[PDB]
Amino acid sequence: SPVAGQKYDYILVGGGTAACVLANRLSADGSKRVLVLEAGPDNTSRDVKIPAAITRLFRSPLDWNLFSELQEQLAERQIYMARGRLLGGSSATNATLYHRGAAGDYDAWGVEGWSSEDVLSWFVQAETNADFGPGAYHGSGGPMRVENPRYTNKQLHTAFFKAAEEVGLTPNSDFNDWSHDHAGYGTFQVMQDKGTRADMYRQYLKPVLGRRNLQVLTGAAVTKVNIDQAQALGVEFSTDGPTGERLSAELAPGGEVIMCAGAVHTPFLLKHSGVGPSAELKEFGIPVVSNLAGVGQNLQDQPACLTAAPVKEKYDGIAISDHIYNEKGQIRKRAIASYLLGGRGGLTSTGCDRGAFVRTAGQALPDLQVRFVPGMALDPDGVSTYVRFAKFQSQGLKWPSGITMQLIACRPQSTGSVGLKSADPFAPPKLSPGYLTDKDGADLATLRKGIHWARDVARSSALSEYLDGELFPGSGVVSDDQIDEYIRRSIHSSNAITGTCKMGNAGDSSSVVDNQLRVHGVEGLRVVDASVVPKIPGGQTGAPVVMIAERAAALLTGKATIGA
Ligand SMILES: Cc1cc2nc3c(=O)[nH]c(=O)nc-3n(C[C@H](O)[C@H](O)[C@H](O)COP(=O)(O)OP(=O)(O)OC[C@H]3O[C@@H](n4cnc5c(N)ncnc54)[C@H](O)[C@@H]3O)c2cc1C
Ligand SMILES: CCCCCCCCCCCCCCCCCC(=O)O
Ligand SMILES: CCCCCCCCCCCCCCCCC
């Protein structure tokens with residue numbers, strides 16, 4: 001009905017991070033008709049604009065509310081896996097940390113045309129940085145906005161840095177400068193524009209919505225790609241949930257469907273379209289169009305656990321919880337004024353934007369990311385404690401002042417999977433993060449050693465000044481076995497999720513797409529989202545997604561080639 005009688009040069013399945021970049025670059029010259037189908041609503045929420053309102057976005061109507069299958073290795077728990085559901089996707093709901101990982105992360109992909117030297121100019125093209133001028137590693141002029149965080153906790157941020165120096169870690173002045181080693185302590189840059197979230201809807205899509213050749217539908221759930229026998233024809237979707245009429249948007253001759261539904265929903269939708277392991281499709285009576293074993297395999301996510309400690313009574317009130325709430329759970333006037341007057345102060349913080357990358361045991365690249373928060377977790381699950389913090393508003397209670405260190409396995413060895421639980425394309429996917437399943441126990445050892453590192457930092461003179469005991473994991477958790485059980489019971493997502501539609505070289509039979517991002521065995525079908533990442537880089541995954549989307553757009557518009 002909104003597509004009746006229309007023919008599209010490009011149909012984007014999803015209106016998230018990658019889709020926003022592609023909708024912008026593909027519609028640019030006026031010659032191509034682009035459709036974007038997003039299941040979620042328009043991006044208008046003030047909870048998206050204000051970085052600290054990340055707390056409110058978890059388990060909200062702007063999230064998919066996904067839970068994993070029971071995880072026998074994690075004390076028989078389902079794991080919550082946050083995912084954005086609105087224009088901008090997970091860029092509209094993420095912690096805004098700007099990370100590329102190390103050059104060695106892209107070289108480890110072993111994909112022709114996607115080496116560290118190949119990708120660097122695509123990160124640089126995307127970037128405008130408030131704190132780094134143009135150079136080998138930074139651009140000026142791209143649509144992204146990156147800056148140093150405009151909240152600083154004067155006591156606790158500097159005490160973390162001095163504590164890290166004291167235990168023997170060195171400062172890293174730029175975690176995205178590939179000329180120096182990734183390890184070290186310091187400040188994470190953020191995808192913000194003077195303290196407001198600079199998500200890919202705001203930076204790429206919203207400024208071009210006036211273009212005649214670009215049509216964006218929200219509340220549009222894709223149910224499958226229509227494939228002829230194997231040639232993509234377009235896509236089926238409902239604008240009215242499960243009971244809605246299945247509409248079909250149709251490709252023009254020479255047109256392409258681009259999958260932009262992310263590392264959870266892209267392999268889910270491929271499987272519903274007959275692209276996936278034939279046994280999984282047959283289970284639910286889906287005809288096999290392309291028997292690709294790797295669809296939904298190779299799920300990489302970075303698992304987390306945390307430590308937390310209160311400050312001494314004399315330091316009551318110095319935490320970011322004290323900067324955002326008064327002692328009855330009212331948003332502080334000073335925080336609202338600082339945010340509106342100059343884009344500064346606690347409401348500009350997602351909390352976890354200072355930290356470190358650490359080698360626990362002489363690895364080629366750091367295995368551990370630490371995120372320091374100048375506020376105290378009240379749950380060993382940091383995502384649950386952010387939900388608690390949002391729900392705390394107006395309860396008339398005082399959040400106790402302290403700190404948290406979140407420990408992340410940033411280059412994990414474990415893998416999981418996404419598949420089907422049902423023939424219904426509106427049902428949730430069958431999701432397994434597979435945390436701590438790697439044969440050598442390397443991911444558990446990383447997090448155990450992370451806990452030891454966080455305790456070494458909290459014990460240093462610099463932080464000892466402020467701290468008064470330890471809340472998590474606490475005095476009952478000391479031996480290796482006690483720590484390992486604490487990790488099993490508290491492990492949560494740091495919200496990466498990549499690699500479920502892996503790009504590969506010629507002759508890599510685990511791959512779903514080639515180095516041109518084309519799905520094996522289907523014409524006119526590509527994947528441009530985190531699904532394609534062969535091996536997860538260290539650090540958060542949003543900037544690498546934007547880099548892939550920029551380079552894919554340059555490929556599709558004929559401004560660049562891949563391989564030569
Ligand atoms: C809570 C959280 C915290 C994070 N923290 C950070 C961080 O600090 N920094 C960082 O760089 N990265 C972070 N990440 C990761 C980063 O945001 C993602 O890796 C990145 O945004 C993924 O982009 P994408 O295009 O692959 O997918 P998404 O941005 O998730 O886009 C997928 C889109 O597809 C839509 N969709 C799904 N199914 C359908 C369907 N059937 N029909 C139509 N549309 C559909 C979704 O609603 C969504 O809008 C975070 C992620 C989250 C969720
Ligand atoms: C932990 C809770 C997070 C708090 C987030 C909400 C704070 C509300 C402050 C009062 C409203 C702020 C003014 C409106 C600004 C809207 C955002 C923007 O347009 O940049
Ligand atoms: C966005 C401002 C939040 C302040 C919250 C105070 C409590 C601190 C808890 C940190 C929790 C663990 C690490 C971060 C989890 C990130 C989702």
# chains A, B, ... in the order shown; residues from 1 in each chain; ligands from 1

call {"tool": "residues_around", "arguments": {"residues": "residue A:387", "least_positions_apart": "2", "cutoff": "12 Å", "atoms": "only C-alpha atoms", "output": "ChimeraX atom specification"}}
result
/A:52-60,80,82,377-379,381-385,389-393

call {"tool": "write_last_selection", "arguments": {"atoms": "N, CA, C and O atoms", "output": "mmCIF file, in the first residue's frame"}}
result
data_model
loop_
_atom_site.group_PDB
_atom_site.id
_atom_site.type_symbol
_atom_site.label_atom_id
_atom_site.label_comp_id
_atom_site.auth_asym_id
_atom_site.auth_seq_id
_atom_site.Cartn_x
_atom_site.Cartn_y
_atom_site.Cartn_z
ATOM 1 N N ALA A 52 22.631 9.887 29.638
ATOM 2 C CA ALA A 52 22.410 9.161 30.905
ATOM 3 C C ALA A 52 21.074 8.400 30.876
ATOM 4 O O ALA A 52 20.905 7.417 31.655
ATOM 5 N N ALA A 53 20.163 8.748 29.956
ATOM 6 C CA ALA A 53 18.845 8.083 29.869
ATOM 7 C C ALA A 53 18.997 6.729 29.182
ATOM 8 O O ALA A 53 17.960 6.012 29.057
ATOM 9 N N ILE A 54 20.232 6.293 28.915
ATOM 10 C CA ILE A 54 20.493 4.890 28.505
ATOM 11 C C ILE A 54 19.855 3.966 29.523
ATOM 12 O O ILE A 54 19.290 2.945 29.110
ATOM 13 N N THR A 55 19.913 4.355 30.795
ATOM 14 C CA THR A 55 19.344 3.591 31.917
ATOM 15 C C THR A 55 17.871 3.250 31.647
ATOM 16 O O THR A 55 17.422 2.109 32.013
ATOM 17 N N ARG A 56 17.126 4.179 31.064
ATOM 18 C CA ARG A 56 15.695 4.052 30.759
ATOM 19 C C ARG A 56 15.447 3.243 29.488
ATOM 20 O O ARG A 56 14.335 2.803 29.286
ATOM 21 N N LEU A 57 16.427 3.080 28.621
ATOM 22 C CA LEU A 57 16.195 2.420 27.317
ATOM 23 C C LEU A 57 16.232 0.899 27.494
ATOM 24 O O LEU A 57 15.433 0.215 26.830
ATOM 25 N N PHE A 58 17.040 0.360 28.406
ATOM 26 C CA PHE A 58 17.044 -1.106 28.671
ATOM 27 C C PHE A 58 15.631 -1.566 29.092
ATOM 28 O O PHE A 58 14.951 -0.836 29.844
ATOM 29 N N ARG A 59 15.208 -2.729 28.611
ATOM 30 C CA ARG A 59 13.927 -3.392 28.987
ATOM 31 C C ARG A 59 12.749 -2.435 28.772
ATOM 32 O O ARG A 59 11.813 -2.466 29.546
ATOM 33 N N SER A 60 12.823 -1.579 27.768
ATOM 34 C CA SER A 60 11.839 -0.525 27.480
ATOM 35 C C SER A 60 11.144 -0.884 26.170
ATOM 36 O O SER A 60 11.569 -1.811 25.466
ATOM 37 N N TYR A 80 19.718 -11.682 29.233
ATOM 38 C CA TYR A 80 19.109 -10.542 28.520
ATOM 39 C C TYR A 80 20.168 -10.008 27.550
ATOM 40 O O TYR A 80 21.315 -9.882 27.986
ATOM 41 N N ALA A 82 20.226 -6.813 25.185
ATOM 42 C CA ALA A 82 19.655 -5.531 24.737
ATOM 43 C C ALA A 82 19.893 -5.376 23.220
ATOM 44 O O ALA A 82 20.999 -5.731 22.731
ATOM 45 N N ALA A 377 27.460 -0.096 41.621
ATOM 46 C CA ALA A 377 26.459 -1.128 41.249
ATOM 47 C C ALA A 377 25.799 -1.627 42.536
ATOM 48 O O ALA A 377 26.506 -1.795 43.545
ATOM 49 N N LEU A 378 24.493 -1.818 42.486
ATOM 50 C CA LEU A 378 23.714 -2.457 43.564
ATOM 51 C C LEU A 378 23.306 -3.868 43.167
ATOM 52 O O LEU A 378 22.697 -4.546 44.016
ATOM 53 N N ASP A 379 23.660 -4.292 41.958
ATOM 54 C CA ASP A 379 23.472 -5.661 41.422
ATOM 55 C C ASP A 379 24.767 -6.109 40.774
ATOM 56 O O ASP A 379 25.483 -5.294 40.206
ATOM 57 N N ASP A 381 24.922 -7.804 38.228
ATOM 58 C CA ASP A 381 24.579 -7.643 36.788
ATOM 59 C C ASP A 381 24.482 -6.133 36.500
ATOM 60 O O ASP A 381 23.494 -5.469 36.937
ATOM 61 N N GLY A 382 25.446 -5.577 35.759
ATOM 62 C CA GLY A 382 25.498 -4.112 35.514
ATOM 63 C C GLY A 382 24.341 -3.602 34.680
ATOM 64 O O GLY A 382 23.845 -2.499 34.927
ATOM 65 N N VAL A 383 23.833 -4.409 33.753
ATOM 66 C CA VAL A 383 22.638 -3.997 32.975
ATOM 67 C C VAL A 383 21.419 -3.919 33.924
ATOM 68 O O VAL A 383 20.643 -2.911 33.875
ATOM 69 N N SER A 384 21.224 -4.914 34.784
ATOM 70 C CA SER A 384 20.116 -4.898 35.764
ATOM 71 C C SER A 384 20.246 -3.662 36.646
ATOM 72 O O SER A 384 19.224 -3.119 37.022
ATOM 73 N N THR A 385 21.460 -3.263 37.011
ATOM 74 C CA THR A 385 21.625 -2.148 37.965
ATOM 75 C C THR A 385 21.305 -0.851 37.203
ATOM 76 O O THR A 385 20.778 0.065 37.830
ATOM 77 N N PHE A 389 18.618 1.784 38.419
ATOM 78 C CA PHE A 389 18.893 3.239 38.527
ATOM 79 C C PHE A 389 17.764 4.075 37.875
ATOM 80 O O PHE A 389 17.379 5.114 38.459
ATOM 81 N N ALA A 390 17.287 3.696 36.680
ATOM 82 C CA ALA A 390 16.167 4.381 35.995
ATOM 83 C C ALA A 390 14.904 4.313 36.865
ATOM 84 O O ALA A 390 14.221 5.337 36.996
ATOM 85 N N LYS A 391 14.628 3.150 37.453
ATOM 86 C CA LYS A 391 13.419 2.933 38.279
ATOM 87 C C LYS A 391 13.577 3.633 39.628
ATOM 88 O O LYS A 391 12.582 3.789 40.307
ATOM 89 N N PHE A 392 14.785 4.052 40.003
ATOM 90 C CA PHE A 392 15.030 4.648 41.334
ATOM 91 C C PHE A 392 14.420 6.054 41.422
ATOM 92 O O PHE A 392 14.223 6.536 42.557
ATOM 93 N N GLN A 393 14.196 6.708 40.279
ATOM 94 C CA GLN A 393 13.803 8.142 40.253
ATOM 95 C C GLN A 393 12.515 8.322 41.073
ATOM 96 O O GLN A 393 11.605 7.482 40.941
#

call {"tool": "select_by_dssp", "arguments": {"residues": "stretch 337-549 of chain A", "states": "strand (DSSP E)", "output": "VMD selection string"}}
result
chain A and resid 354 to 358 368 to 373 402 to 409 417 to 419 430 to 432 492 to 493 525 to 527

call {"tool": "write_last_selection", "arguments": {"atoms": "C-alpha atoms", "output": "compact mmCIF listing (two decimals), in the first residue's frame"}}
result
# COMPACT_ATOMS: atom_id res chain seq x y z
CA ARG A 354 36.94 5.63 31.39
CA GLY A 355 38.85 2.38 31.56
CA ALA A 356 41.66 0.26 30.29
CA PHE A 357 42.70 -2.51 27.96
CA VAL A 358 44.83 -5.14 29.67
CA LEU A 368 40.44 -7.67 29.00
CA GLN A 369 38.62 -4.31 28.77
CA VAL A 370 37.92 -2.52 32.06
CA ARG A 371 35.15 0.10 32.25
CA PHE A 372 35.45 2.25 35.40
CA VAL A 373 32.15 3.83 36.62
CA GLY A 402 30.90 4.31 45.39
CA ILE A 403 32.55 2.89 42.25
CA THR A 404 32.24 -0.02 39.85
CA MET A 405 34.74 -1.77 37.64
CA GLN A 406 33.19 -3.73 34.79
CA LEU A 407 35.45 -6.48 33.43
CA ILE A 408 34.92 -7.49 29.78
CA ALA A 409 36.41 -10.34 27.69
CA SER A 417 24.35 -18.92 17.62
CA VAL A 418 21.05 -17.36 16.40
CA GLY A 419 18.38 -19.62 14.87
CA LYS A 430 16.49 -18.78 19.29
CA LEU A 431 19.47 -16.89 20.82
CA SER A 432 22.51 -18.44 22.55
CA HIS A 492 25.99 -10.21 31.44
CA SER A 493 26.38 -8.78 27.90
CA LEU A 525 21.22 -9.79 -1.92
CA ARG A 526 23.92 -8.28 0.36
CA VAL A 527 24.54 -7.98 4.15

call {"tool": "select_by_dssp", "arguments": {"residues": "stretch 37-286 of chain A", "states": "helix (DSSP H, G or I)", "output": "PyMOL selection string"}}
result
chain A and resi 46-49+51-57+72-74+89-92+103-107+116-126+154-166+200-208+262-272+278-282

call {"tool": "residues_near_ligand", "arguments": {"ligand": "ligand 2", "cutoff": "10 Å", "atoms": "only C-alpha atoms and all ligand atoms", "output": "tab-separated table (two decimals) with C-alpha atoms, in the first residue's frame"}}
result
chain	number	residue	atom	x	y	z
A	44	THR	CA	11.92	11.23	18.72
A	45	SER	CA	12.38	10.05	22.35
A	46	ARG	CA	14.17	12.43	24.75
A	47	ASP	CA	15.48	9.16	26.43
A	48	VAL	CA	17.56	8.64	23.23
A	49	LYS	CA	18.93	12.24	23.12
A	50	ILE	CA	20.19	12.35	26.74
A	51	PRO	CA	23.18	9.96	27.22
A	52	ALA	CA	22.41	9.16	30.90
A	53	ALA	CA	18.84	8.08	29.87
A	54	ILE	CA	20.49	4.89	28.50
A	55	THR	CA	19.34	3.59	31.92
A	56	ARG	CA	15.70	4.05	30.76
A	57	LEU	CA	16.19	2.42	27.32
A	194	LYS	CA	28.34	18.61	22.90
A	195	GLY	CA	26.84	15.99	25.27
A	196	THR	CA	23.78	14.93	23.17
A	197	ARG	CA	23.76	11.43	21.64
A	321	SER	CA	24.73	8.85	41.25
A	324	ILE	CA	22.25	12.89	38.80
A	325	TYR	CA	19.93	12.27	41.81
A	329	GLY	CA	15.69	10.34	43.82
A	330	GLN	CA	14.92	13.72	42.19
A	331	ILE	CA	16.99	14.72	39.10
A	332	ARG	CA	19.37	17.46	40.26
A	333	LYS	CA	18.74	20.98	39.06
A	335	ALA	CA	22.63	18.40	36.19
A	336	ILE	CA	19.64	19.64	34.10
A	337	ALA	CA	21.13	23.21	33.91
A	339	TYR	CA	23.15	19.74	30.19
A	340	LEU	CA	20.93	22.49	28.69
A	343	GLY	CA	26.10	20.15	27.20
A	346	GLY	CA	26.28	14.02	34.67
A	347	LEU	CA	23.38	13.73	32.13
A	348	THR	CA	26.02	13.70	29.28
A	349	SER	CA	27.56	10.44	30.77
A	350	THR	CA	26.67	6.78	29.96
A	386	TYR	CA	21.13	0.44	35.12
A	387	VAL	CA	17.43	-0.62	34.97
A	388	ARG	CA	17.31	-0.27	38.81
A	389	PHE	CA	18.89	3.24	38.53
A	390	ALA	CA	16.17	4.38	36.00
A	391	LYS	CA	13.42	2.93	38.28
A	392	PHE	CA	15.03	4.65	41.33
A	393	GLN	CA	13.80	8.14	40.25

call {"tool": "residues_around", "arguments": {"residues": "stretch 91-97 of chain A", "least_positions_apart": "5", "cutoff": "7 Å", "atoms": "only C-alpha atoms", "output": "VMD selection string"}}
result
chain A and resid 17 48 54 57 84 188 to 192 199 to 200 350 353 540 542

call {"tool": "write_last_selection", "arguments": {"atoms": "C-alpha atoms", "output": "JSON list (two decimals), in the first residue's frame"}}
result
[["chain", "number", "residue", "atom", "x", "y", "z"],
["A", 17, "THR", "CA", 23.17, 1.88, 12.39],
["A", 48, "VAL", "CA", 17.56, 8.64, 23.23],
["A", 54, "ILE", "CA", 20.49, 4.89, 28.50],
["A", 57, "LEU", "CA", 16.19, 2.42, 27.32],
["A", 84, "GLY", "CA", 17.66, -1.08, 19.83],
["A", 188, "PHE", "CA", 37.12, 6.54, 25.94],
["A", 189, "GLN", "CA", 35.87, 9.03, 23.36],
["A", 190, "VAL", "CA", 32.09, 9.09, 22.82],
["A", 191, "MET", "CA", 29.70, 9.43, 19.86],
["A", 192, "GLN", "CA", 28.12, 12.63, 21.19],
["A", 199, "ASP", "CA", 23.46, 8.32, 16.78],
["A", 200, "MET", "CA", 23.43, 7.45, 13.06],
["A", 350, "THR", "CA", 26.67, 6.78, 29.96],
["A", 353, "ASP", "CA", 33.60, 5.91, 29.44],
["A", 540, "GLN", "CA", 32.64, -1.63, 21.34],
["A", 542, "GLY", "CA", 29.41, 0.59, 16.54]]

call {"tool": "closest_residue", "arguments": {"among": "A:111, A:209, A:309, A:216", "to": "ligand 3", "atoms": "only C-alpha atoms and all ligand atoms"}}
result
A:309

call {"tool": "residues_near_ligand", "arguments": {"ligand": "ligand 1", "cutoff": "6 Å", "atoms": "only C-alpha atoms and all ligand atoms", "output": "ChimeraX atom specification"}}
result
/A:13-18,37-40,82-91,93-98,220-223,260-263,265,495-496,529-530,540-543,545

call {"tool": "residues_around", "arguments": {"residues": "residue A:365", "least_positions_apart": "3", "cutoff": "10 Å", "atoms": "only C-alpha atoms", "output": "list in words"}}
result
residues 101, 102, 104, 105, 181, 182, 183, 357, 358, 359, 360, 362, 368, 410, 411 and 538 of chain A

call {"tool": "write_last_selection", "arguments": {"atoms": "N, CA, C and O atoms", "output": "PDB file, in the first residue's frame"}}
result
ATOM      1  N   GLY A 101      39.193  -0.814  17.972  1.00  0.00           N
ATOM      2  CA  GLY A 101      40.124  -1.912  18.271  1.00  0.00           C
ATOM      3  C   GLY A 101      41.505  -1.561  17.732  1.00  0.00           C
ATOM      4  O   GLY A 101      41.832  -0.342  17.664  1.00  0.00           O
ATOM      5  N   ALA A 102      42.303  -2.576  17.436  1.00  0.00           N
ATOM      6  CA  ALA A 102      43.702  -2.468  16.984  1.00  0.00           C
ATOM      7  C   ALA A 102      43.810  -2.874  15.509  1.00  0.00           C
ATOM      8  O   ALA A 102      42.940  -3.647  15.002  1.00  0.00           O
ATOM      9  N   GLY A 104      45.660  -5.031  14.255  1.00  0.00           N
ATOM     10  CA  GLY A 104      45.791  -6.503  14.301  1.00  0.00           C
ATOM     11  C   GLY A 104      44.454  -7.213  14.311  1.00  0.00           C
ATOM     12  O   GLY A 104      44.375  -8.329  13.745  1.00  0.00           O
ATOM     13  N   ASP A 105      43.397  -6.545  14.773  1.00  0.00           N
ATOM     14  CA  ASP A 105      42.024  -7.115  14.753  1.00  0.00           C
ATOM     15  C   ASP A 105      41.571  -7.300  13.294  1.00  0.00           C
ATOM     16  O   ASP A 105      40.919  -8.332  12.998  1.00  0.00           O
ATOM     17  N   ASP A 181      50.425   0.730  20.959  1.00  0.00           N
ATOM     18  CA  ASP A 181      49.866  -0.541  21.449  1.00  0.00           C
ATOM     19  C   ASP A 181      48.495  -0.229  22.103  1.00  0.00           C
ATOM     20  O   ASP A 181      48.359   0.783  22.816  1.00  0.00           O
ATOM     21  N   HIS A 182      47.532  -1.139  21.971  1.00  0.00           N
ATOM     22  CA  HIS A 182      46.142  -0.950  22.442  1.00  0.00           C
ATOM     23  C   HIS A 182      46.069  -0.919  23.980  1.00  0.00           C
ATOM     24  O   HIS A 182      45.183  -0.268  24.562  1.00  0.00           O
ATOM     25  N   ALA A 183      46.957  -1.619  24.672  1.00  0.00           N
ATOM     26  CA  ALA A 183      46.852  -1.691  26.136  1.00  0.00           C
ATOM     27  C   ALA A 183      47.082  -0.326  26.759  1.00  0.00           C
ATOM     28  O   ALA A 183      47.829   0.510  26.225  1.00  0.00           O
ATOM     29  N   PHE A 357      42.560  -1.199  28.620  1.00  0.00           N
ATOM     30  CA  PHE A 357      42.700  -2.512  27.964  1.00  0.00           C
ATOM     31  C   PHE A 357      43.930  -3.170  28.557  1.00  0.00           C
ATOM     32  O   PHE A 357      45.003  -2.514  28.665  1.00  0.00           O
ATOM     33  N   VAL A 358      43.785  -4.437  28.882  1.00  0.00           N
ATOM     34  CA  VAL A 358      44.833  -5.140  29.674  1.00  0.00           C
ATOM     35  C   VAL A 358      45.095  -6.494  29.039  1.00  0.00           C
ATOM     36  O   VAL A 358      44.131  -7.171  28.642  1.00  0.00           O
ATOM     37  N   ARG A 359      46.366  -6.931  29.043  1.00  0.00           N
ATOM     38  CA  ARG A 359      46.728  -8.335  28.712  1.00  0.00           C
ATOM     39  C   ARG A 359      46.783  -9.073  30.051  1.00  0.00           C
ATOM     40  O   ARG A 359      47.650  -8.750  30.828  1.00  0.00           O
ATOM     41  N   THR A 360      45.959 -10.091  30.275  1.00  0.00           N
ATOM     42  CA  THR A 360      46.007 -10.855  31.529  1.00  0.00           C
ATOM     43  C   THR A 360      47.192 -11.842  31.547  1.00  0.00           C
ATOM     44  O   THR A 360      47.590 -12.244  32.632  1.00  0.00           O
ATOM     45  N   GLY A 362      50.128 -12.066  28.732  1.00  0.00           N
ATOM     46  CA  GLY A 362      51.066 -12.071  27.571  1.00  0.00           C
ATOM     47  C   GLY A 362      50.482 -12.397  26.187  1.00  0.00           C
ATOM     48  O   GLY A 362      51.263 -12.731  25.258  1.00  0.00           O
ATOM     49  N   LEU A 368      41.312  -8.239  27.947  1.00  0.00           N
ATOM     50  CA  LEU A 368      40.440  -7.668  28.995  1.00  0.00           C
ATOM     51  C   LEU A 368      40.235  -6.184  28.713  1.00  0.00           C
ATOM     52  O   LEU A 368      41.246  -5.444  28.514  1.00  0.00           O
ATOM     53  N   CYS A 410      37.137  -8.871  25.833  1.00  0.00           N
ATOM     54  CA  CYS A 410      36.952  -7.999  24.654  1.00  0.00           C
ATOM     55  C   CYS A 410      37.333  -8.717  23.359  1.00  0.00           C
ATOM     56  O   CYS A 410      36.908  -8.269  22.296  1.00  0.00           O
ATOM     57  N   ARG A 411      38.141  -9.792  23.419  1.00  0.00           N
ATOM     58  CA  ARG A 411      38.545 -10.559  22.205  1.00  0.00           C
ATOM     59  C   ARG A 411      38.278 -12.038  22.509  1.00  0.00           C
ATOM     60  O   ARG A 411      39.195 -12.859  22.595  1.00  0.00           O
ATOM     61  N   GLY A 538      38.589  -5.694  19.515  1.00  0.00           N
ATOM     62  CA  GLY A 538      38.570  -5.307  20.922  1.00  0.00           C
ATOM     63  C   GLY A 538      37.829  -3.989  21.029  1.00  0.00           C
ATOM     64  O   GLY A 538      37.905  -3.212  20.077  1.00  0.00           O
TER      65      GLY A 538
END

call {"tool": "closest_residue", "arguments": {"among": "A:351, A:234, A:558, A:469", "to": "ligand 3", "atoms": "only C-alpha atoms and all ligand atoms"}}
result
A:351

call {"tool": "closest_residue", "arguments": {"among": "A:158, A:128, A:560, A:26", "to": "residue A:144", "atoms": "only C-alpha atoms"}}
result
A:128

call {"tool": "atom_distance", "arguments": {"atom1": "atom CA of residue A:367", "atom2": "atom CA of residue A:460"}}
result
22.4 Å

call {"tool": "closest_residue", "arguments": {"among": "A:342, A:374, A:207, A:171", "to": "ligand 3", "atoms": "only C-alpha atoms and all ligand atoms"}}
result
A:374

call {"tool": "closest_residue", "arguments": {"among": "A:534, A:441, A:310, A:524", "to": "ligand 3", "atoms": "only C-alpha atoms and all ligand atoms"}}
result
A:310

call {"tool": "residues_around", "arguments": {"residues": "residue A:33", "least_positions_apart": "4", "cutoff": "7 Å", "atoms": "only C-alpha atoms", "output": "count of residues only"}}
result
6

call {"tool": "closest_residue", "arguments": {"among": "A:106, A:67, A:160, A:151", "to": "residue A:459", "atoms": "only C-alpha atoms"}}
result
A:160

call {"tool": "atom_distance", "arguments": {"atom1": "atom CA of residue A:100", "atom2": "atom CA of residue A:116"}}
result
10.6 Å

call {"tool": "atom_distance", "arguments": {"atom1": "atom CA of residue A:511", "atom2": "atom CA of residue A:235"}}
result
23.3 Å

call {"tool": "residues_around", "arguments": {"residues": "stretch 498-505 of chain A", "least_positions_apart": "2", "cutoff": "8 Å", "atoms": "only C-alpha atoms", "output": "PyMOL selection string"}}
result
chain A and resi 110-112+263-264+266-267+294-301+417-418+496+507-508+510-515+517+527+530-536+541

call {"tool": "residues_around", "arguments": {"residues": "residue A:316", "least_positions_apart": "4", "cutoff": "8 Å", "atoms": "only C-alpha atoms", "output": "list in words"}}
result
residues 311, 312, 400 and 401 of chain A

call {"tool": "decode", "arguments": {"residues": "stretch 60-68 of chain A", "atoms": "N, CA, C and O atoms", "output": "PDB file, in the first residue's frame"}}
result
ATOM      1  N   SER A  60      12.823  -1.579  27.768  1.00  0.00           N
ATOM      2  CA  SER A  60      11.839  -0.525  27.480  1.00  0.00           C
ATOM      3  C   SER A  60      11.144  -0.884  26.170  1.00  0.00           C
ATOM      4  O   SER A  60      11.569  -1.811  25.466  1.00  0.00           O
ATOM      5  N   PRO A  61      10.099  -0.127  25.786  1.00  0.00           N
ATOM      6  CA  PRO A  61       9.476  -0.284  24.466  1.00  0.00           C
ATOM      7  C   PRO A  61      10.350   0.089  23.254  1.00  0.00           C
ATOM      8  O   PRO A  61       9.999  -0.296  22.164  1.00  0.00           O
ATOM      9  N   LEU A  62      11.518   0.709  23.459  1.00  0.00           N
ATOM     10  CA  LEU A  62      12.474   1.007  22.366  1.00  0.00           C
ATOM     11  C   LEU A  62      13.563  -0.081  22.242  1.00  0.00           C
ATOM     12  O   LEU A  62      14.550   0.118  21.503  1.00  0.00           O
ATOM     13  N   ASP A  63      13.409  -1.183  22.946  1.00  0.00           N
ATOM     14  CA  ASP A  63      14.340  -2.340  22.959  1.00  0.00           C
ATOM     15  C   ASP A  63      13.618  -3.603  22.479  1.00  0.00           C
ATOM     16  O   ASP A  63      12.397  -3.690  22.706  1.00  0.00           O
ATOM     17  N   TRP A  64      14.334  -4.583  21.910  1.00  0.00           N
ATOM     18  CA  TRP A  64      13.690  -5.855  21.480  1.00  0.00           C
ATOM     19  C   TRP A  64      13.322  -6.730  22.677  1.00  0.00           C
ATOM     20  O   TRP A  64      12.562  -7.666  22.455  1.00  0.00           O
ATOM     21  N   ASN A  65      13.835  -6.486  23.892  1.00  0.00           N
ATOM     22  CA  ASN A  65      13.519  -7.338  25.059  1.00  0.00           C
ATOM     23  C   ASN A  65      13.812  -8.806  24.747  1.00  0.00           C
ATOM     24  O   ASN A  65      13.002  -9.659  25.127  1.00  0.00           O
ATOM     25  N   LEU A  66      14.976  -9.084  24.167  1.00  0.00           N
ATOM     26  CA  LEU A  66      15.443 -10.450  23.856  1.00  0.00           C
ATOM     27  C   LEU A  66      16.038 -11.125  25.076  1.00  0.00           C
ATOM     28  O   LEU A  66      16.935 -10.573  25.730  1.00  0.00           O
ATOM     29  N   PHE A  67      15.679 -12.394  25.268  1.00  0.00           N
ATOM     30  CA  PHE A  67      16.321 -13.257  26.273  1.00  0.00           C
ATOM     31  C   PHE A  67      16.889 -14.488  25.560  1.00  0.00           C
ATOM     32  O   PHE A  67      16.247 -14.972  24.572  1.00  0.00           O
ATOM     33  N   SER A  68      18.071 -14.948  25.994  1.00  0.00           N
ATOM     34  CA  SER A  68      18.720 -16.160  25.445  1.00  0.00           C
ATOM     35  C   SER A  68      17.932 -17.390  25.904  1.00  0.00           C
ATOM     36  O   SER A  68      17.225 -17.293  26.921  1.00  0.00           O
TER      37      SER A  68
END
